[PDB]
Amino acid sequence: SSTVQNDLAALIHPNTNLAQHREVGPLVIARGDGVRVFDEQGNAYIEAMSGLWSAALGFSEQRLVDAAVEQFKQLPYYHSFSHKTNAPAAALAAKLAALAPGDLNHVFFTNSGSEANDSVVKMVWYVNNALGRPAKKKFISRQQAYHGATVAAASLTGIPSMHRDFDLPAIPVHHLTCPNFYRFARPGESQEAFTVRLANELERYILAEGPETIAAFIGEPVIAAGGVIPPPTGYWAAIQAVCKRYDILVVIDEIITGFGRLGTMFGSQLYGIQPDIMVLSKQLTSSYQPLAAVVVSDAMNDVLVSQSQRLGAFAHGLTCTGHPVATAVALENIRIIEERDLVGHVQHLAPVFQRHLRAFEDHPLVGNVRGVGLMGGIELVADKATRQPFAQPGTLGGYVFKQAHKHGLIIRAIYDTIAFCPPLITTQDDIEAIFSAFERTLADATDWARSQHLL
């Protein structure tokens, strides 16, 4: 059987229209090279999304392969239960502690960001039980947030299509307004005034619920999967100021913004966030190995230790927690990012990247352009004057996603917002190639949107 035939017979795809899949079948990706991937027939595509916002070092970094191979040949697997450990997992924990801001000094490993955020929920409940605060358990998130796919993590997620028919949220979570200035600012309202309203919304909820029942706020510094939405001016100062006055932990999900994506090593630096807990994945390993990390404070670790003293063990763990090959790849991935000063590279490249995005502001299909560092979004709308969404949201974005392949370009459509998140290794020439292909794609999409009567 062909790969296509194996796929159509047996594979349930994630985040895919499974009915349309029976008709159109899969696109088989066969090979990676730098910022490009190739399908089974040999067609080339510039991967302007780094896959899933994650392949920081591109798709053929032999030094990551080498790190995996070297570890495989010594010890291809061992666990970290019952005091057992391995050298890469311990070295990576120490490295993440050295990189993370403030007293974020203690690291717990998982396979995925979803597991990591599940672990945060469990750790926070555990610590507040240990502290004699058994009521202090509710989480606060936001509309359009993305924090993962497990039952708890997807309850923190605030994208409504990810809740529909899954009975989510299934744990106590409140979702604030999405901090999207373009979409929700009032006529003539400044970004600062929008932030005032968002911060007051958060505090109004805390006071109505009772702060003694609220354990934590979780958020991405920039909302990615929900639409590439940078925060409005002053937002993170205001949110932290509120949370600090109620002993509400600030959990910062850096699974996409971490490791240079915004032009600083962690997005928390750019926005002046001091997290109580920081969550990392994706560019942590360039997704060459499944790995995520939860980084917590000395104070939180001390409570975890006092719990083991009275309960006998920290009764939480995954079979591959601390996997020696996964953590060895991450350690090498970080070393490359530092040795090659890729954070500095993003700083150098971000202006031309952002300029290319904003060149489309006057385009007939474009309602808003936004972006920070090496992440960007171009939101297409049915009417520029009224910011009107399309009658069936995603109709035009879905076309752009498909049609870009014909021009050798992979982007990701978030309904009708076109996302860009290319590898940290992207060059000036790569940027020009991305936008040449996107120009051709958007010209096709203009003909298509007009014929389809979408505008």
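Residue numbers run from 1 along the displayed sequence.
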Taking the mean of the C-alpha B-factors per stretch from the entry, tell me the winner out of 294-302 and 150-158.
294-302
May I ask you to compare 408-416 and 385-393 by their mean CA B factor in the entry and name the higher one?
385-393
Per the deposited B-factor column, the C-alpha that peaks among 254, 192, 115, 332 belongs to 192
Whose C-alpha has the highest temperature factor in the PDB entry: 345, 137, 84, 310?
310
Going by the entry, which third of its chain does the Cα temperature factor of residue 61 land in?
lowest
Based on the entry's values, in what third of the chain does the Cα temperature factor of residue 289 lie: lowest, middle or highest?
lowest
Once the chain's modelled residues are ordered by C-alpha B factor and cut into thirds, is residue 163 in the lowest, middle or highest one?
middle
CA B-factor placement of residue 427, once the chain's modelled residues are sorted into thirds:
middle
Based on the deposited C-alpha B factors for this chain, I'd like to know if residue 271 is in the lowest, middle or highest third.
middle
